[PDB]
Ligand SMILES: *[C@@H]1O[C@H](CO)[C@@H](O[C@@H]2O[C@H](CO)[C@@H](O[C@@H]3O[C@H](CO)[C@@H](O)[C@H](O)[C@@H]3O)[C@H](O)[C@H]2NC(C)=O)[C@H](O)[C@H]1NC(C)=O
Ligand SMILES: *[C@@H]1O[C@H](CO)[C@@H](O[C@@H]2O[C@H](CO)[C@@H](O[C@@H]3O[C@H](CO)[C@@H](O)[C@H](O)[C@@H]3O)[C@H](O)[C@H]2NC(C)=O)[C@H](O)[C@H]1NC(C)=O
Ligand SMILES: *[C@@H]1O[C@H](CO)[C@@H](O[C@@H]2O[C@H](CO)[C@@H](O)[C@H](O)[C@H]2NC(C)=O)[C@H](O)[C@H]1NC(C)=O
Ligand SMILES: *[C@H]1O[C@H](CO)[C@@H](O[C@@H]2O[C@H](CO)[C@@H](O)[C@H](O)[C@H]2NC(C)=O)[C@H](O)[C@H]1NC(C)=O
Ligand SMILES: *[C@H]1O[C@H](CO)[C@@H](O)[C@H](O)[C@H]1NC(C)=O
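Residue numbers (our numbering), protein chains in the order written: chain L, 7 to 14; chain D, 196 to 469; chain S, 29 to 127; chain B, 661 to 862; chain E, 119 to 355.
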């Protein structure tokens, strides 16, 4: 499953 | 052998055109198995390989909400990037991220990576220590420190060394029966007349799977590296691949040229003579 | 920046006059993702060309497959015309059965 | 991603062990968290679980164990004392990056009084004449402080106080009533010594 | 560190009123959250944000609005307050995983603004019985009569706040229907007490009417203020 990204 | 689980993430802002087009594509050992596209009718995660259908309704729901969340996240990064580079407001831009894990036959994580790119240019990326980042430019520094300020590295590492690896193992189960598919190329050589009493010998490799293949021409034992041309392997359109390689030889002396096709589906490396 | 798209026009199966086949137009190594891909028969845009979903590679370049069902004759001509911000002029690459 | 804490209140004795139950419902593995909330402030993290080893050790002897089977994430501390008294929250994250919180478990850890001397002294406000108020103090932490059974009267719940003079913890309950009369004995009928504020001759 | 500051700490607003709770953050975290806390409901999400300019409804958005002007702050607007919104609110900043919380904001939404009232505080001195046989002295501070229960009880000995030997009711109690009471103990040796050199003071900061709030007239204005009561140590004759 996918990751929960954290904006730049 | 080694297997990998990887998601390719794209976000492109379309100023005037509205909200950015967002897309997530997942790959197991380089074969697409899930995709999400904001620009579809009912944007939801859906299976892209038949074996992914054995996953219940929950799976799709969970990944869709997550994707919907990841979508807003990138919606904001797009904007954040305009400031970091003091760029136009009405210009379209692109963010691409590749994130995943490569684990060995012994189940150990060989590699974990999350790489970013903005407008086709490396932006940031997680070192192989899975503890620090390598910014590309002065804008990437702002994110490096900010991500270090929220201990993002720690949590990315957890996904990479656990979740990713754990879910890879699960898809391999459902997919062994299809992921192992192998299709040998059927080779052959064609003859094309050339001026100056010369000739083109084109050796073709078709119907093969997977794409990894290798073609070479041989002149009396040695393989010709010179004026030998070969096209990018390309998709037939039905899951098989094609590729050819050619060389220019003088007429009346081609029979001293042999083509060699190296594909994993062959009991042995084919060998072709005009 | 921007990358120039590379194009290849070819068919699924060994070209046979009078026999149904699929004409492919594979376009790669381009960025930004925006692009217009049209396939042409005797110089006239084919009615419906199927476009695969778009992907991108390890080097960040996008790629995509366009195809149409066709039955090649002896004298028909097929081409693929691609317009992309990386080119000042759209490029048209004709199909070569021996390529 | 859901989470719940089935025990609203947990009361243990100082020096005892402790376990806080937390259940989560969820189709995948979620992120899990435990926070503490002291008296009049926000939450502070004790520990989290992202993935990997199911046993995570946190601040101040706290630790939890994620059990996929049981779908639980119980918190533990081998030995708690008075200061562990607080409100503990279990939380979870899956779909979204925000945390969903359980209703919470209030933990009451009873300090143990080596030598109770249950007294109910009479105290007055020197500025307000005939101002009632009884102080029940130095009693056992196990015993039960009675409450009010009508309007007009009031008694406070137990409260612990601690002096920086070696062991000096001591429970306390305060009472007062608008009633024309009725002193402390009559209100704290179940206690012990009820010393009179009757001055000692000199 | 991971600082998050909410302002104000307390608020006494009336139905129909306008309330703005604000959160300032120095954590430089991209995500921010606004929660309310109530008994039986633990904490519940109202609105969060993925960054400056981002805002999205939580599990209970109804009745609230939010604005994310910049990275540093996230506000929860209450254009039209209803007594249902009386509660304690907390904003948190987050970095993708664990959240950091501010210290909260008590908010009371009243149907009327005239029931509010400052506290009456009196200091009950220690009985000589306690002091006699236990060599200890329990001074008892009691606060009665305040309504919106936004109060903080503190103890001051010889000008300095003391903590050791202090135990204050956690929650305020309710005597009548618009009147709350709160008490506290302060225990010291008998020596420290009989010492007339020592000064003791109970203080009760009451959070009430804002200066920018209107009050009818005559009766004093139930504005924030500290009310205290004192006792001086003394000899036992
Ligand atoms: C506490 O002392 C008060 C007097 O200081 C006693 O008086 C009355 O108590 C009742 C209950 O708290 C209050 O009821 C509300 O008052 C109105 C008007 O008096 C009445 O119509 C209602 O039926 C009701 O009682 C009443 O206001 C209050 N009166 C005053 C003058 O404040 C009370 O009985 C005492 N409690 C105890 C337990 O002894
Ligand atoms: C209510 O009583 C409290 C004391 O019990 C008074 O509180 C305190 O006053 C000072 C001054 O505002 C605050 O120290 C503040 O520190 C900052 C930075 O060091 C400084 O710039 C200020 O001059 C001040 O010294 C102190 O933190 C604050 N204490 C609390 C608990 O907030 C308050 O003034 C009283 N209110 C009334 C209306 O008298
Ligand atoms: C999950 O909970 C089960 C009980 O629901 C635990 O199983 C027990 O394990 C111990 C050790 O063998 C026994 O003392 C109990 O009697 C067992 N219970 C039953 C129903 O047989 C298990 O330990 C729990 N897991 C975690 C991580 O706490
Ligand atoms: C999955 O299918 C594979 C064949 O595709 C079956 O066969 C092998 O199993 C052994 C033991 O795990 C491995 O050493 C081989 O490498 C496997 N071969 C392949 C092709 O992966 C296997 O039995 C199948 N599993 C199920 C449950 O039917
Ligand atoms: C919050 O206060 C801090 C200083 O304490 C300041 O840096 C920031 O600008 C403030 N926010 C608002 C909205 O005034």
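For each residue, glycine too, the CB sits at the ideal point set by N, CA and C.
Sort the options by Cα distance to residue i and report the nearest one.
{"i": "residue 349 of chain E", "options": "E/341, E/210 and E/310", "result": "E/310"}
{"i": "residue 341 of chain E", "options": "E/268, E/167 and E/141", "result": "E/268"}
{"i": "residue 270 of chain D", "options": "E/300, E/222, E/158 and E/148", "result": "E/148"}
{"i": "residue 250 of chain E", "options": "B/858, B/683 and B/796", "result": "B/858"}
{"i": "residue 374 of chain D", "options": "D/213, D/225, D/216 and D/219", "result": "D/225"}
{"i": "residue 384 of chain D", "options": "D/312, D/399 and D/228", "result": "D/399"}
{"i": "residue 240 of chain D", "options": "D/247, D/246, D/230 and D/249", "result": "D/230"}
{"i": "residue 282 of chain E", "options": "E/305, E/131, E/180 and E/319", "result": "E/305"}
{"i": "residue 335 of chain E", "options": "E/221, E/220 and E/232", "result": "E/232"}
{"i": "residue 172 of chain E", "options": "E/265, E/182, E/192 and E/155", "result": "E/192"}
{"i": "residue 444 of chain D", "options": "D/396, D/221, D/280 and D/368", "result": "D/396"}
{"i": "residue 305 of chain D", "options": "D/461, D/355, D/256 and D/311", "result": "D/355"}
Going straight from the alpha carbon of residue i to that of residue j, what length do you get?
{"i": "residue 72 of chain S", "j": "residue 105 of chain S", "result": "10 Å"}
{"i": "residue 146 of chain E", "j": "residue 790 of chain B", "result": "58 Å"}
{"i": "residue 326 of chain E", "j": "residue 316 of chain E", "result": "32 Å"}
{"i": "residue 670 of chain B", "j": "residue 724 of chain B", "result": "17 Å"}
{"i": "residue 218 of chain E", "j": "residue 347 of chain D", "result": "14 Å"}
{"i": "residue 283 of chain D", "j": "residue 274 of chain D", "result": "11 Å"}
{"i": "residue 14 of chain L", "j": "residue 287 of chain D", "result": "18 Å"}
{"i": "residue 448 of chain D", "j": "residue 469 of chain D", "result": "11 Å"}
{"i": "residue 112 of chain S", "j": "residue 126 of chain S", "result": "27 Å"}
{"i": "residue 811 of chain B", "j": "residue 294 of chain E", "result": "9 Å"}
{"i": "residue 285 of chain E", "j": "residue 323 of chain E", "result": "17 Å"}
{"i": "residue 729 of chain B", "j": "residue 803 of chain B", "result": "40 Å"}
Would you kindly check if the distance between the Cβ of residue j and the Cβ of residue i is under 8 Å?
{"i": "residue 10 of chain L", "j": "residue 727 of chain B", "result": "no"}
{"i": "residue 255 of chain E", "j": "residue 184 of chain E", "result": "no"}
{"i": "residue 179 of chain E", "j": "residue 165 of chain E", "result": "yes"}
{"i": "residue 297 of chain D", "j": "residue 405 of chain D", "result": "no"}
{"i": "residue 43 of chain S", "j": "residue 49 of chain S", "result": "yes"}
{"i": "residue 779 of chain B", "j": "residue 684 of chain B", "result": "no"}
{"i": "residue 68 of chain S", "j": "residue 432 of chain D", "result": "no"}
{"i": "residue 84 of chain S", "j": "residue 291 of chain D", "result": "yes"}
{"i": "residue 673 of chain B", "j": "residue 772 of chain B", "result": "yes"}
{"i": "residue 262 of chain D", "j": "residue 370 of chain D", "result": "no"}
{"i": "residue 722 of chain B", "j": "residue 708 of chain B", "result": "no"}
{"i": "residue 703 of chain B", "j": "residue 697 of chain B", "result": "yes"}
Taking the beta strand (DSSP E) that residue i falls in, what are its first and last residues?
{"i": "residue 317 of chain D", "result": "316-320"}
{"i": "residue 183 of chain E", "result": "183-188"}
{"i": "residue 452 of chain D", "result": "452-456"}
{"i": "residue 397 of chain D", "result": "393-403"}
{"i": "residue 231 of chain D", "result": "226-232"}
{"i": "residue 436 of chain D", "result": "436-445"}
{"i": "residue 333 of chain D", "result": "It is not in any beta strand (DSSP E) - residue 333 of chain D instead sits in the alpha helix (DSSP H) that spans 333-344."}
{"i": "residue 273 of chain E", "result": "269-275"}
{"i": "residue 223 of chain E", "result": "223-228"}
Applying a beta-carbon distance threshold of less than 7 Å, which residues of chain E neighbour residue i?
{"i": "residue 823 of chain B", "result": "282, 283 and 305"}
{"i": "residue 702 of chain B", "result": "208, 219, 220, 221 and 222"}
For the alpha helix (DSSP H) that residue i lies in, which residues bound it at each end?
{"i": "residue 259 of chain D", "result": "252-279"}
{"i": "residue 794 of chain B", "result": "Unbroken run through residue 794 of chain B is the beta strand (DSSP E), 794-797; no alpha helix (DSSP H)."}
Whose Cβ in chain L lies nearer than 7 Å to the Cβ of residue i?
{"i": "residue 214 of chain E", "result": "10 and 12"}
{"i": "residue 168 of chain E", "result": "13"}
Taking residue i as the query, report the chain D residues whose CB atoms sit under 8 Å from its CB, ordered along the chain.
{"i": "residue 711 of chain B", "result": "353, 354, 356, 357, 358 and 361"}
Counting only Cβ pairs nearer than 9 Å, list the residues of chain S close to residue i.
{"i": "residue 387 of chain D", "result": "126"}
Can you name the residues of chain D whose CB is closer than 7 Å to the CB of residue i?
{"i": "residue 688 of chain B", "result": "257"}
Identify the contact partners of residue i in chain B, using a Cβ-Cβ distance below 8 Å as the criterion.
{"i": "residue 260 of chain D", "result": "755 and 756"}
Taking C-beta pairs closer than 9 Å, name the residues in chain D that residue i reaches, listed in chain order.
{"i": "residue 176 of chain E", "result": "None at all; the shortest Cβ gap to chain D is about 13 Å."}
{"i": "residue 146 of chain E", "result": "340, 341, 344 and 345"}
Notebook entry, point to check: Going along the chain, which residues of the segment 753-772 of chain B sit with their C-beta nearer than 8 Å to a C-beta in chain F?
Noted result: Absent here is chain F; the protein component of the structure consists of chains L, D, S, B and E.
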